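What the coordinates show
If you want the building blocks of each chain, they are given just below.
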Amino acid sequence: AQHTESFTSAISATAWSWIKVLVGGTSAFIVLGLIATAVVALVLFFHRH
Amino acid sequence: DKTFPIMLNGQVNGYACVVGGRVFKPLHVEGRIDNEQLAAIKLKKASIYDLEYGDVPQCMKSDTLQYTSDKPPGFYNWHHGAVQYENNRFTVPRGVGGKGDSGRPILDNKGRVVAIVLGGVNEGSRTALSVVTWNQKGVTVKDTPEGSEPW
Amino acid sequence: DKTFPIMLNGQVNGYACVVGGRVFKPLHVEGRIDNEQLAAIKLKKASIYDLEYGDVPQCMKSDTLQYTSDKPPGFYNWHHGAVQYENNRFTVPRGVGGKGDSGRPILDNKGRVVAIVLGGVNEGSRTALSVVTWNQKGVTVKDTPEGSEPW
Amino acid sequence: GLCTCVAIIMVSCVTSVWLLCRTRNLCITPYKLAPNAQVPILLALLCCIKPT
């Protein structure tokens with residue numbers, strides 16, 4: 001071979017977009033959960049106080 | 001009053017109250033309820049208010065205490081005596097109540113439940129009660145004076 | 001009288017009734033009305049309310065029970081005694097009513113129909129009635145406790 | 001093709017117009033059954049009625 005591979009040379013646009021949609025999906029779901037937990041805490045605090 | 005002594009080893013640890021078709025029981029008080037028929041319903045717990053819920057069996061659903069969120073400051077009866085609502089605080093004259101008195105309803109003069117108490121803290125000649133109140137919008141909320149301990 | 005027993009096999013299945021301009025009768029009750037001047041007027045059914053409605057003869061017209069959607073909680077009368085309106089529900093003391101009681105009106109103190117019963121459950125020392133009410137805007141709505149049965 | 005086009009259009013049209021009629025009488029039947037509810041103007045316009 002006249003070149004060198006770099007462990008990213010094969011990923012390609014489709015697989016990039018897929019792994020992105022996956023990672024972003026998991027991140028978005030977890031962050032949605034955490035923002036939901038904060039919203040419940042705040043509404044309860046406003047309920048009493 | 002329709003409350004029930006929860007026991008374990010045959011001695012009462014607290015009182016369990018039915019309101020609006022729902023057994024209410026303070027979460028912390030532990031053991032067996034004194035009426036078998038309640039003893040079977042699976043209590044569904046809620047730590048945020050330290051209560052364990054259960055919707056009362058069909059055959060008694062109309063023999064359940066009422067409740068209200070409408071609370072003028074003033075004198076409200078209670079099992080062990082008269083309770084004073086002042087300054088958005090439940091107070092009892094000193095020394096009356098303690099371990100076992102948790103979870104007895106606090107009634108108004110019209111017979112309606114306005115609170116169910118979970119503990120108390122001494123202030124001078126009175127004791128402020130840690131309680132479950134239905135706030136001015138009716139959302140259930142645990143109102144507790146500072147440093148109150150679980151009865 | 002101003003409400004008529006519809007008949008089946010001789011044995012009154014359901015008292016149907018004449019409210020505000022329209023005879024009403026529950027769909028589940030199957031019977032000849034016992035008043036010739038109604039016993040044939042075609043009925044316009046509507047299953048969302050479990051009822052059938054029909055215009056009364058132009059001579060019959062001025063006998064027709066009044067109604068009104070404003071029903072503050074309190075005591076209302078009923079053939080089989082008093083009904084009580086609390087917590088947006090009509091309740092009747094236990095054991096009174098059953099198969100045959102369908103469709104009789106519930107009247108107020110000025111004598112106007114506020115509700116027409118379609119069913120019940122006995123719940124402890126009382127009985128919740130599944131009924132057809134005129135909601136706070138005057139729209140008809142079927143209010144039913146859980147598990148209620150066609151009387 | 002034309003017989004199936006006439007069939008699928010007619011079936012769709014009549015099922016839809018029967019649904020439209022069913023919802024119109026399901027809108028209207030409460031107000032019909034309660035002789036006096038002060039007539040709406042978005043319900044009462046949309047579904048047909050002689051207003052109060």
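Residues numbered from 1 in each chain as written, not as in the entry; some residues may be left out. Chains lettered and ligands numbered in written order. Part of a larger assembly, values for the part shown. Heavy atoms only, no water.

Judging from the entry metadata, cryo-EM is the method by which this structure was determined, and 3.0 Å is the reported resolution.

All right, on to the overall build of chain D then. Along its length, chain D carries 2 helices and 0 strands. By the compact-globule yardstick of 10 Å for 52 residues, chain D is too spread out, its C-alpha radius of gyration being 16 Å. For chain D, the C-alpha atoms occupy an extent of roughly 50 × 15 × 15 Å along the three principal directions. In chain D, buried positions account for 15% of the 52 residues. In the form shown here, chain D has an accessible surface area of approximately 4,200 Å², with 75% of it arising from carbon and sulfur atoms. (Helix = DSSP H or I, 4+ residues; strand = E, 2+ residues; numbered from the N terminus. Rg over C-alpha atoms; globule rule 2.2 N^0.38 Å. Buried < 20%, exposed > 50% of the residue type's maximum accessible area, 1.4 Å probe, protein only. Areas by Shrake-Rupley, 256 points an atom, 1.4 Å probe, with all protein chains shown as cover.)

The next thing to look at is unusual backbone geometry. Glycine aside, negative phi is the norm for most residues, and most peptide bonds take the trans geometry. Residues and elements named next belong to chain B. Located in the positive-phi region is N9, a residue other than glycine, with phi close to 75°. Mapping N9 onto the fold places it in the loop between β1 (4–7) and β2 (12–19). According to the relative accessible area criterion, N9 is exposed, its value standing at 72%. A positive phi angle, close to 50°, is found at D50, a residue other than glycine.

All names here are of chain B. Applying the stated criterion to the full structure yields 11 salt bridges over all chains. A salt bridge links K45 to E52; the nearest nitrogen and oxygen atoms lie 3.4 Å apart. Looking at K45, the relative accessible area reads 49%, which means it is partly exposed. Close ionic contact of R104 with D101 constitutes a salt bridge, the shortest N to O distance being 2.2 Å. The two residues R104 and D101 agree in class, both being buried. (Salt bridge = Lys/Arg side-chain N within 4 Å of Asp/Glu carboxyl O.)

All names here are of chain A. On the surface, a nonpolar cluster with roughly 400 Å² of combined accessible area is contributed by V31, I35, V39, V40 and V43. Residue position: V43 is located in helix α1 (residues 12–48). Residue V43 is classed as partly exposed on the basis of its relative accessible area of 35%. (Patch = residues over 30% accessible without salt bridge, like charges linked within 9 Å, V, L, I, M, F, W, Y side chains within 5 Å.)

Before going further, it helps to examine the interface of chain D and chain C. Contact with chain D, which involves 10 residues of that partner, is made by 14 residues of chain C. There are 0 salt bridges connecting chain D and chain C. Per-class residue counts for the side of chain D that touches chain C are 7 nonpolar, 2 polar and 1 charged. (Contact = heavy atoms within 4.5 Å. Nonpolar A, V, L, I, M, F, W, Y, C, P; charged D, E, K, R; others polar.)

Formed by 25 residues in total, the largest nonpolar core has its most connected members in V18, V19, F24, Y67, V113, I116 and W134 of chain C. For this core, the secondary-structure elements that each account for two or more residues are β1 (3–6), β2 (14–19), β3 (22–25), β5 (51–55), β10 (113–123) and β11 (126–134) of chain C. The dominant element in this core, judged by the number of residues it contributes, is β2 of chain C, at 4 residues. Excluding its chain neighbours within four sequence positions, the residues that come into contact with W134 of chain C are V19, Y67, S69, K71, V113, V114, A115, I116, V139 and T140 of chain C together with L33 and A34 of chain D. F4, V23, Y49 and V132 of chain B belong to the second largest nonpolar core, which has 21 residues in total. (Core = buried A, V, L, I, M, F, W, Y, C linked by side-chain atoms within 4.5 Å.)

Quick look at the side chain of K25 of chain C now. Along the polypeptide, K25 of chain C turns up in strand β3. Other than its neighbours up to four places away in sequence, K25 of chain C contacts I6, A16, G31, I33, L43, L51 and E52 of chain C.

Here helix α1 (residues 2–33) of chain D spans 45 Å end to end across 32 residues, near enough to the 46 Å set by a 1.5 Å rise per residue. Those residues of α1 of chain D lying buried are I28, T29, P30 and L33 of chain D. On the buried face of α1 of chain D, the contacting elements are β3, β4 (44–46), β5, β11 and β12 (140–143) of chain C. (Expected span 1.5 Å × (residues − 1).)

What follows covers the packing of aromatic side chains. All chains considered together, the criterion is met by 9 aromatic pairs over all chains. Arranged with centres 4.6 Å apart and planes meeting at 55°, the rings of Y67 of chain C and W134 of chain C form a pair that is tilted. Residue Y67 of chain C is found in the loop between β5 and β6 (74–78), and its partner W134 of chain C is found in strand β11; the two are separated by 67 residues along the sequence. Each member of the pair, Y67 of chain C together with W134 of chain C, is buried. Put simply, the rings of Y76, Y85 and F90 of chain B pair up and form one aromatic cluster. Above the plane of the ring of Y15 of chain C lies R104 of chain C, whose end atom (NZ or CZ) is 4.4 Å from the centre. (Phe/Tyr/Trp six-rings, centres within 6.5 Å; stacked < 30°, edge-to-face > 60°. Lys NZ or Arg CZ within 6 Å of the ring centre and 35° of its normal.)

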